[PDB]
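One structure is given below, encoded as structure tokens.
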Amino acid sequence: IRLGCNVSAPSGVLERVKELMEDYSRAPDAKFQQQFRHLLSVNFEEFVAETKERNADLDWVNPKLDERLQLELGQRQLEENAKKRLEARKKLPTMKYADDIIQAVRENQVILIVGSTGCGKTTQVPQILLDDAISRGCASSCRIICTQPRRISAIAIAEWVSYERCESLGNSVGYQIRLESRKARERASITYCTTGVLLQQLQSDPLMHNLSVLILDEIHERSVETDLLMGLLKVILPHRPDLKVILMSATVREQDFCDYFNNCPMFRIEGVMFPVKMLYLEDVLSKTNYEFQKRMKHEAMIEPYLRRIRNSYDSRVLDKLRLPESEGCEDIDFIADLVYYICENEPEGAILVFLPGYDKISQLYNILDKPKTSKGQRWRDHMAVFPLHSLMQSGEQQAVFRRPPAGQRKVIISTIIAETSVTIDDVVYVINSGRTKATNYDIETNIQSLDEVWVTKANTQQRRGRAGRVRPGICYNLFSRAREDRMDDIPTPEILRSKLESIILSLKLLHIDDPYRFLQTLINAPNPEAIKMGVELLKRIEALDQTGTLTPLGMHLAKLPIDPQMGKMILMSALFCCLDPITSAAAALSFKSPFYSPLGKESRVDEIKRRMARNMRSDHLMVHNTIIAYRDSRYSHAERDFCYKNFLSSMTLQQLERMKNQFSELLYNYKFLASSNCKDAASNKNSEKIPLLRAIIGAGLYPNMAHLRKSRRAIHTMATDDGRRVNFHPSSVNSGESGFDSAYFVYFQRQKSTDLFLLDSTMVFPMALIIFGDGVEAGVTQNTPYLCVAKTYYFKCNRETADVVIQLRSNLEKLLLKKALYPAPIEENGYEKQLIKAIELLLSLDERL
DNA sequence: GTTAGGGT
């Protein structure tokens, strides 16, 4: 055992701490406690009854309204704004099965509709079952909720389904996503919402009494949330007979879901696309005859295949199939050659190029923009080239979707994003390298890694359809059929790669007290070893007690729309009065960093984050500094200029700004804040005290701690608390910096690509870790008294300061318990406040002089 | 010296 720096405090300070604690310990309307205790007493049968009675609004129908809409539908179908809207609707394949779907829904609880993109199942099946209910004189009994995997799709589909009815939004169709909602009318309505929204709505209505029909869309995509939703329906549908579910899927293992619901009726509806010709790597080299020059394993795959096509393809071509680098995106100048080939032959249309990540996209842009070949220079000024990446500006602009200048061709160099999320309408030709990136968690080593991998059959199939929007197209797949033969069916259901604490905590509010039993009933059962690893985290932050039952803190954490660690972080900042910077920290780690990453400028972006980080040496405080800057730029009417100067997305920041209010309002409604404003001065008296912020940041990111040991940009010798050597990711503002006032760091995500990096970090002090962490004991090991945290880091500490810090952790642990059970804002001159001021004082001993 | 893609 080694010994860190001395953390003993001056005598005058410990004397004040003991006095303030003596005050705290001279202390002697909680509806929350009665709610918490009820949830723990009742069994499931009793839980079912109570949620019935409490959500009984749909047990009521409106006959004067029933009739009026039935009268109004028949009448408004004869206008000359409709009947043209109906006739164009009836060209869609789904509408040809309208009356059978009506019947299959009447005769069965769960049906499934499988149909390719273009079939109109999603805009039409919701309308088909509403208009039927309205005419049958049943209108006010019908409330249809249809989920989507994505926010953007939920709106434009609802704006469209509202246009197909000659209505403004919020009459008979609505949408509701997080923090933004155009709600429909209460009854006789179609509401489009993201799966997350519906899952939060279950806390109040866990047996779906507040809807008559449920449509799950894009189930084949296997989002955690649709995967989760179908398990829960197995628990709900025995207690909800009047409830009608309609699952919806592409032609991607549709049978998994039909099996899953026991052999339910299944409609197949055909699509509306142009046919897109599939070319593979052999057929590409036959048309371009490109030459490459500057484990195998590769040969096991290619020679048995080359033999089956010895007489069907050229001889010089098939020898390049032996080169390991012909497939994938290994040779950019090859991919460079195929675009130039499309630009000359093969008629007019855009080129959408699918590359794995930021690095490979950046390479080809410069090749197409700054070519080394004469054939490249010939073309460069006749192509308008768009890189398409989440961290790049192009998605939030209008150009890439629209047509190029006259005489120039559009070439889109994209990651996996343009497969589902982004849709460019003038694409004819798709170049599919077949390579993508994926995040992998190894349960055994506690390492998340980011790897390039092959894509699956479902993906290529998705990218082929991307070419059939305007006219018949072509898809060039830069891998042979022998690769496709060995590719996976679908991607790993992401629930199998994900941490599970947040679901486990949520499941406790649906009176599903056993996560091992429940998660096994999903289509793909999660690793029970990852289920246990979930509970332990939750037990550690004390959202579950040692028996594993929900605790009063844990109910608050389950009622916040954020992972419990940062949920717990936010709650501390209410009790310690630093609300605004902390909820900036939380929204950022949950959602994402508002900074773009434009091509070439990465060096300049470092300088911007360095200036925004204000030498506070923390990525989380850096974003808050950005958010305070963004607010000032609104106050100056310089917002646009501000965002163009610092590579910032105003869309993100306003959404980051919205999450903070959602955080503040919840905390206020929960009785932890006196004001729902995240900016209010009382909620923020300590928002200027940096050593306090680092201590509340650490309370949430603990126990992901790092220790740094070397100085030289600067070279770093740093290891996480488990012994593995790490670095700051080059994107984090702590990369390369020297002269840290402290050698201890907390981080949210660590990840391996070319090294094991901490993607974000805040510099923290040993005293603050000791007070908010665990694994604390006082002792002697050398001939020195020590103080440790996580039983991992041992700090020189005299006895007088230890017995105060331990006594301080006792009182802190007593305060947090009572606040979870009996939430109220901390009064300014009460007993509770003295213990707070005792911690504020001990943490300011670490202030930068 | 570097960042697949969703969402409450």
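Convention: chains lettered A, B, ... in structure tokens order; per-chain residue numbering from 1; ligands numbered from 1 as shown.
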>> Using only C-alpha atoms (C1' of nucleotides), which protein or nucleic acid residues come within 6 Å of residue 438 (chain A)? Drop anything in the same chain fewer than 5 positions from it, and give the result as an MDAnalysis selection string.
In response: (chainID A and resid 450:451) or (chainID B and resid 4)
Set out as a Markdown table a contact list for chain A and chain B with a cut-off of 8 Å, giving each residue of chain A that qualifies its closest atom pair and distance in Å to one decimal, counting only C-alpha atoms (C1' of nucleotides), ordered by chain and rising residue number.
```
| residue | atom | partner | partner_atom | distance |
| --- | --- | --- | --- | --- |
| A:149 | CA | B:6 | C1' | 7.3 |
| A:150 | CA | B:6 | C1' | 6.9 |
| A:178 | CA | B:8 | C1' | 6.6 |
| A:194 | CA | B:7 | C1' | 8.0 |
| A:196 | CA | B:8 | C1' | 5.0 |
| A:197 | CA | B:8 | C1' | 6.1 |
| A:199 | CA | B:8 | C1' | 7.8 |
| A:200 | CA | B:8 | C1' | 6.6 |
| A:223 | CA | B:6 | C1' | 7.8 |
| A:356 | CA | B:4 | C1' | 7.0 |
| A:357 | CA | B:4 | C1' | 6.5 |
| A:358 | CA | B:3 | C1' | 6.9 |
| A:391 | CA | B:3 | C1' | 7.7 |
| A:415 | CA | B:4 | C1' | 7.2 |
| A:416 | CA | B:4 | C1' | 6.6 |
| A:417 | CA | B:5 | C1' | 6.3 |
| A:436 | CA | B:4 | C1' | 6.2 |
| A:437 | CA | B:4 | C1' | 4.2 |
| A:438 | CA | B:4 | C1' | 5.4 |
| A:439 | CA | B:4 | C1' | 7.6 |
| A:561 | CA | B:8 | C1' | 5.0 |
| A:562 | CA | B:8 | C1' | 7.1 |
| A:729 | CA | B:2 | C1' | 7.1 |
| A:730 | CA | B:2 | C1' | 5.4 |
| A:731 | CA | B:2 | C1' | 6.2 |
```
> So what do you get for CA of residue 795 (chain A) versus CA of residue 770 (chain A), distance-wise?
Replying inline: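 Result for CA of residue 795 (chain A) versus CA of residue 770 (chain A): 9.7 Å, one decimal.
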>> Let's see if you can do this: from backbone DSSP, list all strand (DSSP E) residues in region 366-505 of chain A, as a ChimeraX atom specification.
In response: /A:383-388,409-414,427-432,435-442,447-454,473-477
The selected residues should be written to file as a JSON list (two decimals), in the first residue's frame (atoms: C-alpha atoms).
```
[["chain", "number", "residue", "atom", "x", "y", "z"],
["A", 383, "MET", "CA", -19.34, 17.08, -57.46],
["A", 384, "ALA", "CA", -20.98, 18.77, -54.48],
["A", 385, "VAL", "CA", -19.83, 16.43, -51.74],
["A", 386, "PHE", "CA", -21.63, 16.03, -48.38],
["A", 387, "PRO", "CA", -20.27, 14.15, -45.34],
["A", 388, "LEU", "CA", -23.11, 12.94, -43.16],
["A", 409, "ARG", "CA", -23.35, 15.66, -58.69],
["A", 410, "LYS", "CA", -24.21, 15.01, -55.04],
["A", 411, "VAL", "CA", -22.04, 12.44, -53.28],
["A", 412, "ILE", "CA", -23.01, 11.73, -49.67],
["A", 413, "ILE", "CA", -20.32, 10.12, -47.54],
["A", 414, "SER", "CA", -22.17, 8.77, -44.53],
["A", 427, "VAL", "CA", -30.26, 9.15, -54.17],
["A", 428, "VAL", "CA", -30.05, 6.67, -57.05],
["A", 429, "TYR", "CA", -26.80, 4.79, -56.32],
["A", 430, "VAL", "CA", -25.74, 3.42, -52.94],
["A", 431, "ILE", "CA", -22.14, 2.30, -52.31],
["A", 432, "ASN", "CA", -22.26, -0.12, -49.37],
["A", 435, "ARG", "CA", -18.53, -1.99, -42.59],
["A", 436, "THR", "CA", -19.93, -0.24, -39.49],
["A", 437, "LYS", "CA", -19.04, 0.47, -35.88],
["A", 438, "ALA", "CA", -20.57, -1.11, -32.79],
["A", 439, "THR", "CA", -20.13, -0.74, -29.02],
["A", 440, "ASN", "CA", -19.48, -4.02, -27.19],
["A", 441, "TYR", "CA", -19.59, -4.67, -23.42],
["A", 442, "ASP", "CA", -17.60, -7.63, -22.13],
["A", 447, "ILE", "CA", -14.54, -2.93, -20.69],
["A", 448, "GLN", "CA", -16.79, -1.32, -23.24],
["A", 449, "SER", "CA", -14.96, -1.32, -26.61],
["A", 450, "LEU", "CA", -15.76, 0.40, -29.88],
["A", 451, "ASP", "CA", -15.01, -1.81, -32.89],
["A", 452, "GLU", "CA", -15.40, -1.89, -36.63],
["A", 453, "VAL", "CA", -17.44, -4.95, -37.58],
["A", 454, "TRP", "CA", -19.31, -6.36, -40.54],
["A", 473, "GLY", "CA", -31.22, 2.55, -58.78],
["A", 474, "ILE", "CA", -28.08, 0.50, -58.14],
["A", 475, "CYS", "CA", -26.43, -0.73, -54.94],
["A", 476, "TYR", "CA", -22.71, -1.56, -55.01],
["A", 477, "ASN", "CA", -21.76, -3.84, -52.09]]
```
> Residues at most 12 Å from residue 467 (chain A), counting only C-alpha atoms (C1' of nucleotides), excluding those fewer than 2 positions away in the same chain, as a PyMOL selection string?
Replying inline: chain A and resi 273-278+349-353+418-419+423-432+460-465+469-476
> Which neighbours of residue 848 (chain A) fall inside 12 Å, counting only C-alpha atoms (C1' of nucleotides), when residues of the same chain fewer than 6 positions from it are skipped, and could you give them as a VMD selection string?
Replying inline: chain A and resid 615 to 616 689 to 691 740 to 742 765
>> Could you pull out the helix (DSSP H, G or I) residues of region 3-225 of chain A, going by DSSP on the backbone, and write them as a VMD selection string?
In response: chain A and resid 11 to 24 31 to 41 44 to 54 57 to 59 63 to 76 85 to 89 93 to 96 98 to 107 121 to 135 139 to 141 151 to 163 195 to 201 219 to 221 224 to 225
> For residue 445 (chain A), which of A:722, A:61, A:543, A:326 is the closest residue, counting only C-alpha atoms?
Replying inline: A:722
> In Å, how far is it from CA of residue 675 (chain A) to CA of residue 612 (chain A)?
Replying inline: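 Straight-line distance from CA of residue 675 (chain A) to CA of residue 612 (chain A) works out to 28.3 Å.
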> So what do you get for CA of residue 108 (chain A) versus CA of residue 96 (chain A), distance-wise?
Replying inline: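 Distance reported for this atom pair: 19.9 Å.
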>> Excluding region 805-814 of chain A and its own-chain neighbours fewer than 2 positions away, which residues fall within 10 Å of it when counting only C-alpha atoms (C1' of nucleotides)? Please give them as JSON, numbers by chain.
In response: {"A": [8, 9, 14, 17, 18, 21, 24, 25, 767, 770, 771, 772, 773, 774, 776, 777, 778, 787, 799, 800, 801, 802, 803, 816, 817, 818, 819, 832, 835, 836, 838, 839, 842]}
> Near residue 92 (chain A), counting only C-alpha atoms (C1' of nucleotides), which residues have an atom at most 10 Å away, once you skip same-chain residues fewer than 5 positions from it, shown as a ChimeraX atom specification?
Replying inline: /A:87,97,118-121,124,269-272
>> Report as a list in words all protein, DNA and RNA residues lying within 12 Å of residue 373 (chain A), evaluated on only C-alpha atoms (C1' of nucleotides), omitting residues in the same chain fewer than 5 positions from it.
In response: residues 333, 334, 336, 337, 340, 367, 368, 378, 379 and 380 of chain A
